[PDB]
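Printed here is run29.pdb (PDB, C-alpha atoms (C1' of nucleotides) and all ligand atoms):
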```pdb
ATOM      1  CA  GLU A 154     -21.233 -94.827 237.580
ATOM      2  CA  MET A 155     -18.393 -96.205 239.716
ATOM      3  CA  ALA A 156     -15.007 -94.558 240.282
ATOM      4  CA  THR A 157     -11.832 -95.644 242.088
ATOM      5  CA  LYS A 158     -11.824 -94.372 245.683
ATOM      6  CA  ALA A 159     -15.324 -93.083 244.854
ATOM      7  CA  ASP A 160     -13.574 -90.133 243.194
ATOM      8  CA  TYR A 161     -15.378 -89.386 239.947
ATOM      9  CA  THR A 162     -13.154 -86.372 239.149
ATOM     10  CA  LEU A 163     -16.095 -84.627 237.459
ATOM     11  CA  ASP A 164     -19.014 -82.466 238.441
ATOM     12  CA  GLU A 165     -22.450 -84.057 238.639
ATOM     13  CA  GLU A 166     -23.583 -82.147 235.521
ATOM     14  CA  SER A 167     -20.927 -83.722 233.282
ATOM     15  CA  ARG A 168     -21.596 -87.224 234.570
ATOM     16  CA  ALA A 169     -25.359 -86.646 234.235
ATOM     17  CA  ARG A 170     -24.802 -85.571 230.628
ATOM     18  CA  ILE A 171     -22.728 -88.662 229.825
ATOM     19  CA  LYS A 172     -25.306 -90.920 231.514
ATOM     20  CA  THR A 173     -28.041 -89.197 229.511
ATOM     21  CA  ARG A 174     -26.089 -89.845 226.303
ATOM     22  CA  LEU A 175     -25.703 -93.506 227.278
ATOM     23  CA  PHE A 176     -29.431 -93.753 227.940
ATOM     24  CA  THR A 177     -30.321 -92.004 224.645
ATOM     25  CA  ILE A 178     -28.161 -94.653 222.952
ATOM     26  CA  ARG A 179     -29.971 -97.376 224.914
ATOM     27  CA  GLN A 180     -33.441 -96.168 223.847
ATOM     28  CA  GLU A 181     -32.359 -95.564 220.250
ATOM     29  CA  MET A 182     -30.952 -99.099 220.037
ATOM     30  CA  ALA A 183     -33.962-100.649 221.774
ATOM     31  CA  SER A 184     -36.341 -98.980 219.319
ATOM     32  CA  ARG A 185     -34.740-100.938 216.453
ATOM     33  CA  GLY A 186     -34.925-104.248 218.389
ATOM     34  CA  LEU A 187     -31.144-104.844 218.375
ATOM     35  CA  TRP A 188     -30.591-104.403 222.143
ATOM     36  CA  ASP A 189     -31.161-108.130 222.909
ATOM     37  CA  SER A 190     -28.494-109.049 220.291
ATOM     38  CA  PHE A 191     -26.091-106.494 221.793
ATOM     39  CA  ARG A 192     -26.920-107.827 225.270
ATOM     40  CA  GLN A 193     -25.092-111.066 224.570
ATOM     41  CA  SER A 194     -21.364-110.350 224.070
ATOM     42  CA  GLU A 195     -18.007-112.225 224.178
ATOM     43  CA  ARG A 196     -17.830-112.129 220.358
ATOM     44  CA  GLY A 197     -14.635-113.856 219.176
ATOM     45  CA  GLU A 198     -14.719-115.849 215.920
ATOM     46  CA  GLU A 199     -12.224-115.683 213.051
ATOM     47  CA  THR A 200     -11.338-117.961 210.133
ATOM     48  CA  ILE A 201      -9.763-115.868 207.299
ATOM     49  CA  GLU A 202      -6.403-117.442 206.380
ATOM     50  CA  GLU A 203      -4.822-116.685 202.950
ATOM     51  CA  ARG A 204      -6.497-117.046 199.509
TER
ATOM     52  CA  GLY B 304      35.255-125.771 185.021
ATOM     53  CA  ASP B 305      32.287-123.526 184.328
ATOM     54  CA  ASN B 306      29.115-124.406 182.420
ATOM     55  CA  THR B 307      28.833-122.861 178.964
ATOM     56  CA  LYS B 308      25.793-120.621 178.311
ATOM     57  CA  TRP B 309      24.378-121.169 181.798
ATOM     58  CA  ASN B 310      21.715-118.433 181.698
ATOM     59  CA  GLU B 311      20.790-119.034 178.047
ATOM     60  CA  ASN B 312      19.835-122.652 178.852
ATOM     61  CA  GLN B 313      18.199-122.518 182.319
ATOM     62  CA  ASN B 314      14.544-122.622 181.265
ATOM     63  CA  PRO B 315      11.998-120.983 183.623
ATOM     64  CA  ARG B 316       9.617-123.944 183.153
ATOM     65  CA  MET B 317      12.148-126.123 184.969
ATOM     66  CA  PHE B 318      12.143-123.663 187.861
ATOM     67  CA  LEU B 319       8.339-123.830 187.835
ATOM     68  CA  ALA B 320       8.531-127.634 188.041
ATOM     69  CA  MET B 321      11.031-127.454 190.911
ATOM     70  CA  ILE B 322       8.906-124.888 192.763
ATOM     71  CA  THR B 323       5.808-127.071 192.366
ATOM     72  CA  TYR B 324       7.682-130.134 193.631
ATOM     73  CA  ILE B 325       9.243-128.240 196.550
ATOM     74  CA  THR B 326       5.890-126.761 197.583
ATOM     75  CA  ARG B 327       4.150-130.155 197.695
ATOM     76  CA  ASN B 328       1.573-130.395 200.502
ATOM     77  CA  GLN B 329       1.963-126.674 201.226
ATOM     78  CA  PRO B 330      -1.062-124.342 201.270
ATOM     79  CA  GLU B 331      -2.314-123.466 197.798
ATOM     80  CA  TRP B 332      -1.680-119.747 198.342
ATOM     81  CA  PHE B 333       1.986-120.466 199.111
ATOM     82  CA  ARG B 334       2.354-122.547 195.956
ATOM     83  CA  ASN B 335       0.677-119.851 193.864
ATOM     84  CA  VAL B 336       2.778-116.992 195.256
ATOM     85  CA  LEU B 337       5.984-118.997 194.773
ATOM     86  CA  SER B 338       5.064-120.196 191.259
ATOM     87  CA  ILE B 339       3.975-116.785 189.957
ATOM     88  CA  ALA B 340       7.621-115.740 189.446
ATOM     89  CA  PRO B 341       8.579-118.580 187.045
ATOM     90  CA  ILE B 342       5.311-118.066 185.150
ATOM     91  CA  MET B 343       6.050-114.377 184.542
ATOM     92  CA  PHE B 344       9.690-115.133 183.690
ATOM     93  CA  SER B 345       8.579-117.717 181.122
ATOM     94  CA  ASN B 346       6.572-114.966 179.376
ATOM     95  CA  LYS B 347       9.265-112.286 179.845
ATOM     96  CA  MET B 348      10.105-109.885 177.007
ATOM     97  CA  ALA B 349      13.550-108.297 176.724
ATOM     98  CA  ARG B 350      13.762-104.630 175.759
ATOM     99  CA  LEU B 351      16.378-104.254 173.015
ATOM    100  CA  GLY B 352      17.884-101.127 174.557
ATOM    101  CA  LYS B 353      19.344 -97.763 173.528
ATOM    102  CA  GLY B 354      19.294 -98.738 169.826
TER
ATOM    103  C1'   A C   1      28.199-123.842 222.970
ATOM    104  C1'   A C   2      25.913-120.872 219.489
ATOM    105  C1'   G C   3      25.340-116.713 215.918
ATOM    106  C1'   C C   4      23.913-113.113 210.081
ATOM    107  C1'   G C   5      21.629-108.995 205.558
ATOM    108  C1'   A C   6      29.839-109.900 205.859
ATOM    109  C1'   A C   7     -13.862-103.018 225.231
ATOM    110  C1'   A C   8     -17.109-105.594 226.975
ATOM    111  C1'   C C   9     -19.692-110.087 228.248
ATOM    112  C1'   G C  10     -25.113-121.791 235.068
ATOM    113  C1'   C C  11     -33.155-121.037 237.378
ATOM    114  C1'   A C  12     -37.530-121.959 239.192
ATOM    115  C1'   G C  13     -41.876-125.670 241.816
ATOM    116  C1'   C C  14     -47.985-127.220 241.493
ATOM    117  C1'   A C  15     -49.947-130.146 244.759
ATOM    118  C1'   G C  16     -53.190-133.694 245.872
ATOM    119  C1'   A C  17     -55.692-138.140 244.553
ATOM    120  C1'   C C  18     -56.065-143.046 242.538
ATOM    121  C1'   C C  19     -54.040-147.398 240.227
ATOM    122  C1'   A C  20     -50.428-150.963 238.963
ATOM    123  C1'   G C  21     -45.767-152.839 240.375
ATOM    124  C1'   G C  22     -41.013-153.853 243.317
ATOM    125  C1'   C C  23     -38.037-156.903 247.828
TER
HETATM  126 MG    MG D   1     -35.204-159.998 247.856
END
```
Would you mind writing the structure in this file as structure tokens?
Ligand SMILES: [Mg+2]
Amino acid sequence: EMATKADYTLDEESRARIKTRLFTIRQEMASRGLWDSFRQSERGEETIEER
Amino acid sequence: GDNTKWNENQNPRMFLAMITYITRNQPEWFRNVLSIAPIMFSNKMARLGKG
RNA sequence: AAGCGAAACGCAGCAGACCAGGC
């Protein structure tokens, strides 16, 4: 985690909880083999006009 | 001078023809949305009224 | 001058032989 002026505004327990959640999400996603797809980003394609 | 029976003689099919000619080269959705009105008016039914 | 509905995202090498060829 990185915070402006190195001021995270929160106690270490709250940030540790949020990081844990993020990790849990990471492992849950990796278990289904979708992490590599998510890795690549910059998704921006649209075509729908009017039908 | 005015034109006698103006509304009684302006056929909606003529407006459909004019809309189709005006909307030449335009996107098909634009032609459809513009031409729907004359189509419905050509099939219009007049309610007789109070009685 | 004009005027209308007045979030989040640019790889990588063997190396060392031996042969043929170039001016
Ligand atoms: Mg030479």
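Neighbours of residue A:154 closer than or equal to 12 Å, with all atoms listed in the file counted and sequence neighbours fewer than 3 positions away skipped, come out as residues 157, 159, 160, 161, 162, 163, 165, 167, 168, 169, 171, 172, 173 and 175 of chain A.
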What does the PyMOL selection byres (((chain B and resi 319-330) around 12) and not hetatm) select in this file, as a PDB file with C-alpha atoms, keeping the file's coordinate frame?
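That gives us selection32.pdb:
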```
ATOM      1  CA  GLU A 202      -6.403-117.442 206.380  1.00  0.00           C
ATOM      2  CA  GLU A 203      -4.822-116.685 202.950  1.00  0.00           C
ATOM      3  CA  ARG A 204      -6.497-117.046 199.509  1.00  0.00           C
TER       4      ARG A 204
ATOM      5  CA  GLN B 313      18.199-122.518 182.319  1.00  0.00           C
ATOM      6  CA  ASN B 314      14.544-122.622 181.265  1.00  0.00           C
ATOM      7  CA  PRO B 315      11.998-120.983 183.623  1.00  0.00           C
ATOM      8  CA  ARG B 316       9.617-123.944 183.153  1.00  0.00           C
ATOM      9  CA  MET B 317      12.148-126.123 184.969  1.00  0.00           C
ATOM     10  CA  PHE B 318      12.143-123.663 187.861  1.00  0.00           C
ATOM     11  CA  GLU B 331      -2.314-123.466 197.798  1.00  0.00           C
ATOM     12  CA  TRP B 332      -1.680-119.747 198.342  1.00  0.00           C
ATOM     13  CA  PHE B 333       1.986-120.466 199.111  1.00  0.00           C
ATOM     14  CA  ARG B 334       2.354-122.547 195.956  1.00  0.00           C
ATOM     15  CA  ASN B 335       0.677-119.851 193.864  1.00  0.00           C
ATOM     16  CA  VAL B 336       2.778-116.992 195.256  1.00  0.00           C
ATOM     17  CA  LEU B 337       5.984-118.997 194.773  1.00  0.00           C
ATOM     18  CA  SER B 338       5.064-120.196 191.259  1.00  0.00           C
ATOM     19  CA  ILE B 339       3.975-116.785 189.957  1.00  0.00           C
ATOM     20  CA  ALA B 340       7.621-115.740 189.446  1.00  0.00           C
ATOM     21  CA  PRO B 341       8.579-118.580 187.045  1.00  0.00           C
ATOM     22  CA  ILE B 342       5.311-118.066 185.150  1.00  0.00           C
ATOM     23  CA  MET B 343       6.050-114.377 184.542  1.00  0.00           C
ATOM     24  CA  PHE B 344       9.690-115.133 183.690  1.00  0.00           C
ATOM     25  CA  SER B 345       8.579-117.717 181.122  1.00  0.00           C
TER      26      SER B 345
END
```
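Selecting chain A residues within 8 Å of chain C and counting only C-alpha atoms (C1' of nucleotides) yields residues 193, 194 and 195 of chain A.
You will find atom CA of residue B:309 at 20.7 Å from atom CA of residue B:351.
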If I take atom CA of residue B:347 and atom CA of residue B:311, how far is one from the other in Å, to one decimal?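 Between these atoms lies a distance of 13.5 Å.
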Edge lengths and centre in Å to one decimal, as AutoDock Vina command-line options, of the axis-aligned box that encloses all listed atoms of stretch 317-327 of chain B with 6 Å added on every side?
```
--center_x 8.1 --center_y -126.9 --center_z 191.3 --size_x 20.0 --size_y 18.5 --size_z 24.7
```
So how many Å separate atom CA of residue A:184 and atom CA of residue A:155, to one decimal? 27.3 Å
Starting from the sparse input, extend stretch 327-343 of chain B to N, CA and C atoms and give the output as a compact mmCIF listing (two decimals), keeping the file's coordinate frame.
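Resulting contents of part29.txt:
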```txt
# COMPACT_ATOMS: atom_id res chain seq x y z
N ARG B 327 5.14 -129.10 197.53
CA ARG B 327 4.15 -130.16 197.70
C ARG B 327 3.61 -130.16 199.12
N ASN B 328 2.30 -130.35 199.24
CA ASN B 328 1.57 -130.40 200.50
C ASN B 328 1.44 -129.03 201.17
N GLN B 329 2.08 -128.00 200.63
CA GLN B 329 1.96 -126.67 201.23
C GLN B 329 0.62 -126.05 200.86
N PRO B 330 0.20 -125.02 201.60
CA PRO B 330 -1.06 -124.34 201.27
C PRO B 330 -1.06 -123.82 199.84
N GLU B 331 -2.23 -123.85 199.20
CA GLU B 331 -2.31 -123.47 197.80
C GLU B 331 -1.86 -122.03 197.56
N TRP B 332 -2.13 -121.13 198.50
CA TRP B 332 -1.68 -119.75 198.34
C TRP B 332 -0.16 -119.66 198.29
N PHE B 333 0.53 -120.45 199.12
CA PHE B 333 1.99 -120.47 199.11
C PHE B 333 2.53 -120.97 197.78
N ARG B 334 1.93 -122.03 197.25
CA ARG B 334 2.35 -122.55 195.96
C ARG B 334 2.12 -121.52 194.86
N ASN B 335 0.97 -120.86 194.88
CA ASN B 335 0.68 -119.85 193.86
C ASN B 335 1.66 -118.68 193.93
N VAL B 336 1.88 -118.13 195.13
CA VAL B 336 2.78 -116.99 195.26
C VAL B 336 4.20 -117.36 194.84
N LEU B 337 4.64 -118.58 195.17
CA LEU B 337 5.98 -119.00 194.77
C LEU B 337 6.10 -119.27 193.28
N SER B 338 5.06 -119.83 192.67
CA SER B 338 5.06 -120.20 191.26
C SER B 338 4.74 -119.05 190.32
N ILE B 339 4.26 -117.92 190.83
CA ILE B 339 3.98 -116.78 189.96
C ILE B 339 5.25 -116.28 189.28
N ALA B 340 6.36 -116.24 190.00
CA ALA B 340 7.62 -115.74 189.45
C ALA B 340 8.08 -116.51 188.22
N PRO B 341 8.21 -117.84 188.26
CA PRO B 341 8.58 -118.58 187.04
C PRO B 341 7.59 -118.40 185.91
N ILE B 342 6.30 -118.28 186.20
CA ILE B 342 5.31 -118.07 185.15
C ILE B 342 5.57 -116.75 184.42
N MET B 343 5.77 -115.67 185.16
CA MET B 343 6.05 -114.38 184.54
C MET B 343 7.38 -114.39 183.79
```
